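Quick setup: one chain, the form deposited in one PDB entry, written in structure tokens, and binding and motion questions come after.
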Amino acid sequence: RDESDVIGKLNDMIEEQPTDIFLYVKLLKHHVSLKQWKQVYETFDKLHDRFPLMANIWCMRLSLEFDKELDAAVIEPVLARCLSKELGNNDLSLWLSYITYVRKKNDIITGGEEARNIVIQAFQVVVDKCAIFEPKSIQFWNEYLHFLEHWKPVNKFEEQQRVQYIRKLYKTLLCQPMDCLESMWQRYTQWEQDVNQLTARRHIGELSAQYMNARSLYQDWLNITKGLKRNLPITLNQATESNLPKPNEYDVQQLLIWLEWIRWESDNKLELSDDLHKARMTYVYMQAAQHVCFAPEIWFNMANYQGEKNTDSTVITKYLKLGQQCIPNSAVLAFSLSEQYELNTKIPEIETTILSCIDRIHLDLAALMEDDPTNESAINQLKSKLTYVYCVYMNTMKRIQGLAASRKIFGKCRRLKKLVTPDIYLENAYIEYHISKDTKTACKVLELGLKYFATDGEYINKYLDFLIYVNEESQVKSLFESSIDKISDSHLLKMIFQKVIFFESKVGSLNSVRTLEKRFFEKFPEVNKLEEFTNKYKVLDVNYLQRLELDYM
């Protein structure tokens, strides 16, 4: 409960959903309008720490600085961070901002020789790292050709150097699948018959084939990439609630396109070297991790792809962790991280990363129960998710630290009462039963779960399976007899009667079997007697009476 201090309410919301980028954007517009730059930079740093590879966000910080000469004391540290070697962003909009700053900082008119070379070095690094990969790159290539073309060769060396860069620019670009291809080739052909009428024919002719290939490959990309959307805002003011993903959200259709683009590249149709193919794949993965950033599959496929190639036992962990920063409630990434930590003997990290996911889910569940308390289905899914992760967590700690640890974990779930689901009880009975094949402790856990779930046909079903599985004959019939009028909707109830009857027939009585059948034909008239008799005599789950004798059934 704050008063009427916007900054306080904003940070509270951010704290609740630290992955909701629009919330930071709002807090940033607010600090910017009040000119409180220390907080603006503090707010951005919070974003960068969590979303290091979201190039669009870095574009927002740089653009904010450009709009107000160019102070290098502020801009270079930022460029150094976002273009660093370990957390290196590789996005055309960010590179275009990079080039823009290099150009403004190295005046070609007033700096001559060294200047042109620095700028040209800039363009070439954008070329080698990104432009030969991104097919929607015409703005970049155009800007670089025009720069080289606009160069006034002073002396004879510069003159020879210019024609070289220009021919290097063309040969590089015209070989990859791109959107400027048809047009860049008209300018290349006119240009070769301009620099030398003798050599045109064989220069134009030495590319020719690779250019047709590039053009057809670009067509396939166009087909695959059909409705691909890339509209993340690159400026603070252009950010809206709509062009930024809400926590955990991603358009599955968009995800499928990224995965297909990546699948089309995994093939190395351009026949690049090992290192260039890897760089091309990496560029596309990073493009996807940026646009469907909340899709666990993209981070999972990326981390494994990176770690595949070469050694460095840290690589897979690195990308899974970036992914978890984006989706902290992701069980896929928590379990993946868990495997890597265990693989690298970072045992403490195993429990810590699992608890992290568990705590984030607990926050989602409490928020969902208070915010839309009537949404019974979403509340039930979340309870299930929470329970599931406690299950894997319990099984994992039993295996890694022993019975006493799994017991404490089960205790915490027992105290959450009906916040959790039946599964944690069933999974705990199995852990208890397998210590020495004793039934006492386990049966008590399941009896205790009955206090909360006796009305749950699904719990009763699996509880019966555990009893059969542990072979506690008398209990099987007891639980059933006692659950018959408690179980929700037939389907499971029909299926359970069959489970019990079959078991009791394997363990005689016949009188038991017979009455259990009487009530069965009472609760479910219209059930074919012979068909049910045939089910009762299954061996290893195969209804042989039907298969070998009552074929028409």
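Between two forms, the rigid core is defined as the largest C-alpha subset superposing within 1.5 Å. Residue numbers run from 1 along the displayed sequence.
The next section is about a form of this same protein that is not shown, the form deposited in another entry.
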| item | value |
| --- | --- |
| Residue among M60, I496, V40, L47 whose Cα moves 2 Å or more between the shown form and the other one, once the rigid core is superposed | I496 |
| After fitting the core, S482 CA displacement of 2 Å or more between the shown form and the other one | yes |
| Core-aligned CA displacement of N543 at least 2 Å between the shown form and the other one | yes |
| Residue shift check between the shown form and the other one, rigid core fit, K9 Cα at least 2 Å | no |
